[PDB]
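*Asks:* got the complex split up, this is the first portion:
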Amino acid sequence: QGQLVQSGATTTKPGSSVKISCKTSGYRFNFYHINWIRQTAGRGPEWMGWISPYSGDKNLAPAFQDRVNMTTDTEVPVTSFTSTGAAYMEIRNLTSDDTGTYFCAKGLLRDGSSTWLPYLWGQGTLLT
Amino acid sequence: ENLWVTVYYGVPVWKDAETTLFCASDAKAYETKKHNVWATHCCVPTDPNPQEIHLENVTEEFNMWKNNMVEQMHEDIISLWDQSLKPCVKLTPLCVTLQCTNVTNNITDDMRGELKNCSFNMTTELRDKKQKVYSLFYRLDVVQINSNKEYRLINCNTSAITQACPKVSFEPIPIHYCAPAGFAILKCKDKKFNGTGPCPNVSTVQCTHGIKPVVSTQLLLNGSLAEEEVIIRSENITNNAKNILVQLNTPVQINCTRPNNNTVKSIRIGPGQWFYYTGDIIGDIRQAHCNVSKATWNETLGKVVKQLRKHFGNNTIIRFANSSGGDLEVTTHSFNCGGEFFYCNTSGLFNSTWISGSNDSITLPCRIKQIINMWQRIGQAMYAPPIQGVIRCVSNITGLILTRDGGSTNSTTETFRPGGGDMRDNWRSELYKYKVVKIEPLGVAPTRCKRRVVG
Amino acid sequence: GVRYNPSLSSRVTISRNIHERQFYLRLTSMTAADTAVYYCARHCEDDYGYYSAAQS
């Protein structure tokens, strides 16, 4: 029932920082987590990190621990059980190996063991 | 092993009980009536569909005279009447001496001193300085205290008087009386079954049917009709002491009109325009009357005397010629029509072969009072405000109120006169089929089972 | 009285005598174009829809 819209794609030369925006709707943005994952061209795709829109606690892979800054905009209420929000993703040092497809996803359940597990994905974006 | 008691909660058991019923108005909001109608606008709406659950095999004893639902409804009607009269204008200062003279009845009408022309030397405030106004009064409302044509309104030395608000309407609307949960209303649906006795055919309802509070004295109006044969109700003793209740299967029609074209006059009495009165009539002077088809009334009276010798059980001389009166409410068919209170000579209906015949439709002369003492015990009387224009209402006559003149003369005497019985008898006439009971849902019975284990 | 018609807004004044049980209309600078049939009409709008009966 929810939807995850992603920002427009753009190519920037290595060395500079960038920002991806993932806009939400069709659910309660503070209920489910937000995951960011990359599909590497030539190798296996790797999970990058997740952050809670409500708790604000963030946990990243050690492969992107000191290279990624996540931020979650405060949700905007729509219905009695639907809100809209914005999730932002950032990289500090750019390189040629950073080229690949990127996706933003939401959580499956609110509690339990499969809380932060990606469930609903965005359309994706392409890089340098 | 042995036999053990076991508790049952919710068994179909009831006992005769009197409980507090409440009102319910049909869910129309009565928007087409322009004010409140017996102040029953503010009353819980009926369910869109009522649930009537038939009770197979059930036979219950009914007593319409011991039902008390009648006494409850009676007090409810009385209190509603008072609640609607309380805020209205009381005519305490209007009991000043009136100088009145007689005015001629017309040469087409029975020369009577009726509709008296009265002038008022009464002052309302200092501003008025004893203004002289004139009003039209029916003869019954006024009495000649002192000669030289000096008059006062009747009752004024006995009690106060209050004027019915012009806005409020006296039209009876159907009211469903409902019992609270844990109580129930039992409805006998046998059409021919007399009012009291064991009813083989019983249904249960949360609320009764729509009962119209028709104010009447001699004949019942706008009620419900018994199916198949007409019904005749007396108490067990039946010997000149009760009041005979009659419920017809076919309704007779009665049209009552007041041809006089009344108007309005003498508005302000109190601070601001507070009181309505009757201007001079416009057009002819005709007295009020009611027609009843002579053919249908002779047929109905015939079927009545057939059922009288039926319930009586013994061939006997049953006459109607005579009629006897106490006060006014028993000599006349008292009732209400459009807000004016009519009192009608019924002697033409209660004679002996009165027809021929002599008229296509029997006509009864009716006089009119604006001062009435229905439920006004000793203290507070009511002035019905005058109605502008000609008045005409059509009424269903569904029932009757009679009284015997039982007399051990070896079946020679036995005369039935139209009593002017109490209004509660009117409620008994429509509550005969209903009854109030309380549910006792706790039954204990042995099924030889024991809760050995505890906890 | 909140509003009148914008065409005749400055020349129309509707008053309301509460206790006198009436309400009045005033129209200044009468012209031959204002020759017409006048009515007074009532209507009830309820933001709540919260009454004993239904209104018109």
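*Replies:* Structure received. Numbers count the residues shown, from 1 in each chain, chains lettered A, B, ... in the order given.
*Asks:* for chain C, what lies in contact range of chain B?
*Replies:* With C-beta under 8 Å from any C-beta of the partner chain as the criterion, chain C meets chain B at residues C:52, C:53, C:54. Where C-beta positions appear, they are placed from N, C-alpha and C, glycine not excepted.
*Asks:* among those, which are in helices?
*Replies:* Of the residues of chain C next to chain B, none are assigned to helices by DSSP state H.
*Asks:* now those as TSV including neighbour count?
*Replies:* Compiled in TSV, the residues of chain C next to chain B are given as follows (neighbours: other C-beta atoms under 10 Å in any protein chain shown):
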residue	neighbour count
C:52	12
C:53	9
C:54	11
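*Asks:* what about the strands in chain C?
*Replies:* Counting by DSSP state E, chain C has strands at residues C:12-17, C:22-27.
*Asks:* taking the centroid of chain B, which residue is nearest it?
*Replies:* Using C-alpha atoms, centre = their mean, the residue of chain B that lies closest to the mean C-alpha position is residue B:215, 2.3 Å off.
*Asks:* same question but for chain C, I mixed them up
*Replies:* Centroid-nearest residue in chain C: residue C:14, 6.2 Å away (criterion: C-alpha atoms, centre = their mean).
*Asks:* report the beta-bridge partners for it.
*Replies:* Judged by DSSP bridges, the bridge partners of residue C:14 are residue C:25.
*Asks:* who wins for proximity to residue B:196 among the strands of chain C?
*Replies:* Judged by C-beta to C-beta, the one of those that comes nearest to residue B:196 is strand C:22-27, at 58.9 Å.
*Asks:* ok, the nearest residue to residue A:72 once chain neighbours are set aside - contacts?
*Replies:* Leaving aside its sequence neighbours, residue A:72 sits nearest to residue A:53 (C-beta to C-beta, 6 or more residues apart in numbering or on different chains; 4.3 Å). Contact analysis of residue A:53 by C-beta atoms under 8 Å, 6 or more residues apart in numbering or on different chains lists A:29, A:30, A:32, A:33, A:34, A:72, A:75, A:85, A:87.
*Asks:* run the last query once more with 10 Å
*Replies:* Taking C-beta atoms under 10 Å, 6 or more residues apart in numbering or on different chains as the criterion, residue A:53 is in contact with A:24, A:28-34, A:72-75, A:83, A:85-87, A:106-107.
*Asks:* can you add chain D next? sequence is:
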Amino acid sequence: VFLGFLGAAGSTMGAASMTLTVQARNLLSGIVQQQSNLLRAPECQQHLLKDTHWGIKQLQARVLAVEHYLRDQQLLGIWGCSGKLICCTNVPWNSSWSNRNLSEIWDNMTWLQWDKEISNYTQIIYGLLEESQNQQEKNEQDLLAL
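*Replies:* Once chain D is put in with the chains from before, the structure reads:
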């Protein structure tokens, strides 16, 4: 198919005992519509209860109904049968109350004429019912004073 409210009042005691929930419901769904006050919330505020004592009088009738419910639930409570509609007890059936056998009672009699036949000894049975529990109270009393 369910005969309706009080439908089995003329049926055998066993048949009514099968539809005791039906009679149990009219204790609640008469009083759910009145406590609702949803159709009462807007009609002339609270059905004009000022200068109308019928309104209070009406209210007192509603009070009597919930008061009667509380009487029956209290009796089920002090007999240790609160949660159940059918409970068995420890009180033995004294034959002086009724001499009828089980088949004649449950397959030949209705609850009405039964309640009429035993209305004489109802208070005595209730006394044994209030008393018998007291032996359970005492067994729990043995477990209390160790």
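*Asks:* in light of the added chain D, please revisit the contacts of residue A:53.
*Replies:* A:24, A:28-34, A:72-75, A:83, A:85-87, A:106-107.
*Asks:* pull the number of nearby residues for residue D:113.
*Replies:* Counted by other C-beta atoms under 10 Å in any protein chain shown, the residues lying close to residue D:113 total 10.
*Asks:* before we move on, the earlier item: I'd like to know how many residues surround the closest residue to the residue nearest to the centre of chain B other than its chain neighbours.
*Replies:* Among residues not flanking residue B:215 along the chain, residue B:336 sits closest, at 5.2 Å (C-beta to C-beta, 6+ apart). Residues lying near residue B:336 (other C-beta under 10 Å) number 19.
*Asks:* beta-bridge partners for residue B:336, please?
*Replies:* With DSSP bridges applied, residue B:336 shows beta-bridge pairing to residue B:341.
*Asks:* how close does it get to residue B:44?
*Replies:* Noted for residue B:336: a distance of 26 Å to residue B:44, by C-beta to C-beta, to the nearest Å.
*Asks:* what's the answer for residue D:73, then?
*Replies:* 26 Å.
*Asks:* ditto for residue D:71
*Replies:* Distance from residue D:71 to residue B:44, by C-beta to C-beta: 25 Å.
*Asks:* ok, now which ones touch residue D:83?
*Replies:* D:76, D:77.
*Asks:* before we move on, the earlier item: more neighbours: which of residue D:71 and residue B:44?
*Replies:* residue B:44 (21 against 11).
*Asks:* the strand or helix carrying residue D:131 - contacts with which helices or strands?
*Replies:* Per DSSP states H and E, residue D:131 falls inside helix D:122-144. Here helix D:122-144 touches strand B:4-9, strand B:442-446, helix D:53-78, strand D:86-92, helix D:111-118, going by 3 or more C-beta pairs under 10 Å, 6 or more residues apart in numbering or on different chains; DSSP states H and E.
*Asks:* just put the ones you listed in JSON lines and tack on distance to chain C.
*Replies:* Putting these into JSON lines (distance: least, C-beta to the nearest C-beta, whole Å) gives the following:
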{"stretch": "strand B:4-9", "distance to chain C": "40"}
{"stretch": "strand B:442-446", "distance to chain C": "41"}
{"stretch": "helix D:53-78", "distance to chain C": "14"}
{"stretch": "strand D:86-92", "distance to chain C": "46"}
{"stretch": "helix D:111-118", "distance to chain C": "43"}
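*Asks:* further, place chain E onto the existing structure:
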Amino acid sequence: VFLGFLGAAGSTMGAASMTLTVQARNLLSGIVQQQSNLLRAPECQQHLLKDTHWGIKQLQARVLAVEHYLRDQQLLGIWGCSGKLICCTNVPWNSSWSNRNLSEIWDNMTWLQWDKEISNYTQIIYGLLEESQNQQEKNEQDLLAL
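*Replies:* With chain E now in place:
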């Protein structure tokens, strides 16, 4: 033989605990006679309740009584003891409340002076009573989430 309503108020706690049904009855047989309104049905209609606010005032007193009953039955309900007059719980007895041994409590003290000695910690005990159930709620919660 039964001492009567509140008869064992000066008896040892064990003796009153044997006749708790007696004290339980005055909650119902005061309120059965008033809800009856059988002796009230005919006397001047409903005891003239028009222009008599004592009638309403009286009615409000009847309301307070059934309201208090509902408070106690609610407490028995949320402690899982609705159907029983004596129930044991899972809450252990903290010694700070009272240091008296069992024999001194049940065979030397009355319920009055006991309730006076423990009125200080009643709220705490109720809190453990509302809390302890919550571990049963949680065991049922384990059975719910499988």
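*Asks:* what do you get for the contacts of residue D:83 once chain E is counted?
*Replies:* Listed by C-beta under 10 Å, 6+ apart, the contact partners of residue D:83 are D:76, D:77, E:82, E:83.
*Asks:* surely the residue nearest to the centre of chain B touches residue B:80?
*Replies:* No - the criterion here is C-beta atoms under 10 Å, and residue B:215 misses it with residue B:80 at 11.7 Å.
*Asks:* next, work out how far apart the residue nearest to the centre of chain B and residue B:384 are.
*Replies:* For residue B:215 relative to residue B:384 (C-beta to C-beta), the value is 12 Å.
*Asks:* residues shared between the contacts of these two?
*Replies:* Common neighbours of residue B:215 and residue B:384 (criterion: C-beta under 10 Å, 6+ apart): B:170, B:336, B:341, B:372.
*Asks:* just the residues you listed that are near chain E?
*Replies:* Counting by C-beta under 10 Å from any C-beta of the partner chain, nothing from these sits close to chain E.
*Asks:* nearest to chain C, out of those residues: which one, please.
*Replies:* Minimum distance to chain C across those is 19.9 Å, recorded for residue B:170 (C-beta to the nearest C-beta).
*Asks:* quick check: the spatially most central residue of chain D vs residue B:447, distance?
*Replies:* Nearest to the mean C-alpha position of chain D, by C-alpha atoms, centre = their mean, lies residue D:72 at 4.5 Å. The gap separating residue D:72 from residue B:447 is 21 Å, by C-beta to C-beta.
*Asks:* then residue B:421?
*Replies:* Remark: distance between residue B:421 and residue B:447 (C-beta to C-beta) = 54 Å.
*Asks:* of these two, who's got more company?
*Replies:* It is residue B:421, of residue B:421 and residue B:447, that has more neighbours when counted by other C-beta under 10 Å, with 22 against 18.
*Asks:* what helix or strand is that one on?
*Replies:* Going by DSSP H and E, residue B:421 is not part of any helix or strand.
*Asks:* contacts only, for it.
*Replies:* B:216-218, B:220, B:242-245, B:329-330, B:401-403, B:428.
*Asks:* cross those against strands and list the overlap.
*Replies:* Assigned to strands by DSSP E, the following of the contacts of residue B:421 qualify: B:220, B:244, B:245, B:401, B:402, B:403.
*Asks:* list just the nearest of those residues to chain D.
*Replies:* Comparing the ones in strands among the contacts of residue B:421 against chain D with C-beta to the nearest C-beta picks out residue B:220 as the nearest, at 25.6 Å.
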